[PDB]
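Structure record follows, encoded as structure tokens.
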Ligand SMILES: [Ca+2]
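Numbering (PDB author numbering), first residue to last: 16 to 34, 37 to 67, 69 to 125, 127 to 130, 132 to 184, 184A, 185 to 188, 188A, 189 to 204, 209 to 217, 219 to 221, 221A, 222 to 245.
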């Protein structure tokens, strides 16, 4: 997250870190057994880390649980990033508490102008690299689909939305991928892609979760 703020420990209780020896992507806890992330974060050998603040220090609220199964969306296209969503099932159920909590799925799509919370452990610089140990946060609005499409000609599908600031300076970045965009208590986006990070006229692009609720619910119901 570039241009954000330190969230505070366990203030984003649905935020998970996906670990394969190191943090590599975020995700969102949606029930005691399932995490939502980006399909482009897929890899084998994932350990889901819940209850994290400092990802390099055991602070006392963590739950580390191996993934038993990952399900990339049927229609994920890695070249365009269309349908950039996956589900990860945990080998054992998380113990839900005030610091480890699921986030609700949307019932309707969000609208341009709604202010959302974006979070992660990704790069905090837009020229240069610095990776934080503690969780970072950014409050940002959803942008209109017309401004999103004009920012990224030929690239924005109906399964994507833009959020952030056209003036630059505030955005998600490398290492935030797969993490949450939460608006009014609902998971509306997944950190997906962008041109660089925090660049003028280049807002963040996010997977449009509301399009996937049916798939998510049916997948959980049979897996
Ligand atoms: Ca920790």
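Ideal Cβ positions, reconstructed from N, Cα and C, are used throughout, including at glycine.
Quickly, what does DSSP pair residue 114 with across the bridge? List them, please.
Walking along the chain shown from the start, residue 114 turns up at place 96. Partner(s): none; residue 114 has no beta bridge.
Would residue 112 pass as a contact of residue 67 if the rule is Cβ separation under 7 Å?
Here residue 112 corresponds to residue number 94 of the chain shown, with the count starting at 1. Here residue 67 corresponds to residue number 50 of the chain shown, with the count starting at 1. Cβ atoms of residue 112 and residue 67: closer than 7 Å.
Expressed to the nearest angstrom, what Euclidean distance is found between the alpha-carbon atoms of residue 49 and residue 215?
Your numbering for residue 49 matches position 32 in the chain shown. Your numbering for residue 215 matches position 193 in the chain shown. The alpha-carbon atoms of residue 49 and residue 215 are separated by roughly 27 Å.
Under a Cβ-count criterion, where at least 16 other Cβ atoms within 10 Å of its own Cβ denotes burial, should residue 125 be classed as buried or exposed?
Looking up residue 125 in the chain shown gives position 107. With fewer than 16 other Cβ atoms within 10 Å, it is exposed.
At least 3 beta-carbon pairs within less than 8 Å: the segment 229-239 vs the segment 146-157:
no
For residue 75, is the beta carbon positioned less than 6 Å from some heavy atom of ligand 1?
Counting from one through the chain shown, the residue named residue 75 turns up at place 57. At least one heavy atom of ligand 1 is nearer than 6 Å to the Cβ of residue 75, so yes.
Residue 122 versus 224, 24, 28, 222, residue with shortest Cα-Cα distance:
As a working note, residue 122 is residue 104 in the chain shown. The candidate whose alpha carbon is nearest that of residue 122 is 28.
Between residue 115 and ligand 1, is the CB less than 6 Å from at least one heavy atom?
Reading the chain shown from its first residue, position 97 is the one you call residue 115. Not under cutoff, so the answer is no.
My understanding is that residue 31 touches residue 65, with C-beta atoms under 8 Å, so please give their C-beta distance in whole angstroms.
Counted from its first residue, the chain shown places residue 31 at position 16. Counted from its first residue, the chain shown places residue 65 at position 48. Correct: roughly 5 Å between the Cβ atoms.
Quick check on the DSSP output: the alpha helix (DSSP H) that includes residue 85 runs from which residue to which?
As a first step, residue 85 must be located in the chain shown, where it is residue number 67. Secondary structure note for residue 85: it is in no alpha helix (DSSP H), and the uninterrupted beta strand (DSSP E) holding it is 81-90.
Leaving out five residues on either side along the sequence, give the residues of the same chain with a beta carbon under 8 Å from the beta carbon of residue 114.
Taking the chain shown and counting its residues from 1, the one referred to as residue 114 is at position 96. Cβ within range, chain order: 49, 120.
How far does the alpha helix (DSSP H) with residue 168 in it extend, from its first residue to its last?
On the chain shown, residue 168 is found 148 positions in, with the first residue counted as 1. Taken as a continuous stretch (DSSP letters only), the alpha helix (DSSP H) holding residue 168 covers 165-171.
By how many angstroms is the C-alpha of residue 147 removed from the C-alpha of residue 136?
On the chain shown, residue 136 is found 116 positions in, with the first residue counted as 1. On the chain shown, residue 147 is found 127 positions in, with the first residue counted as 1. Taking the straight line from one Cα to the other gives about 25 Å.
If we ignore side chains and look at the alpha-carbon of each, how far apart do residue 163 and residue 106 end up?
For the purposes of this step, residue 163 is taken as residue 143 along the chain shown, with counting starting at 1. For the purposes of this step, residue 106 is taken as residue 88 along the chain shown, with counting starting at 1. Near 29 Å, if we compare the C-alpha coordinates of residue 106 and residue 163.
Checking 7 Å against the spacing of the C-beta atoms, do residue 219 and residue 183 come in under that value?
Stepping through the chain shown from its first residue, residue 219 is reached at position 196. Stepping through the chain shown from its first residue, residue 183 is reached at position 163. Not a contact, by the Cβ cut-off of 7 Å.
Report yes if the C-beta of residue 25 is less than 6 Å from at least one heavy atom of ligand 1; otherwise report no.
The residue given as residue 25 occupies position 10 in the chain shown. False, no ligand heavy atom lies under 6 Å from that Cβ.
Enumerate in chain order the residues of its own chain whose CB-to-CB distance from residue 171 is below 7 Å, with the five nearest sequence positions on each side excluded.
Indexing the chain shown from 1 puts residue 171 at position 151. Taken in chain order, the residues that qualify are 182, 223, 224, 225.
With DSSP run on the structure shown, which of helix, strand or coil describes residue 141?
Translated into the one-based positions of the chain shown, residue 141 becomes position 121. In the structure shown, residue 141 sits in coil (DSSP, three-state: anything other than H, G, I, E or B).
Can you tell me the Cα-Cα spacing of residue 139 and residue 85, whole angstroms?
On the chain shown, position 119 is the one that residue 139 refers to. On the chain shown, position 67 is the one that residue 85 refers to. Inter-residue distance for residue 139 and residue 85 is about 22 Å (C-alpha atoms, whole angstroms).
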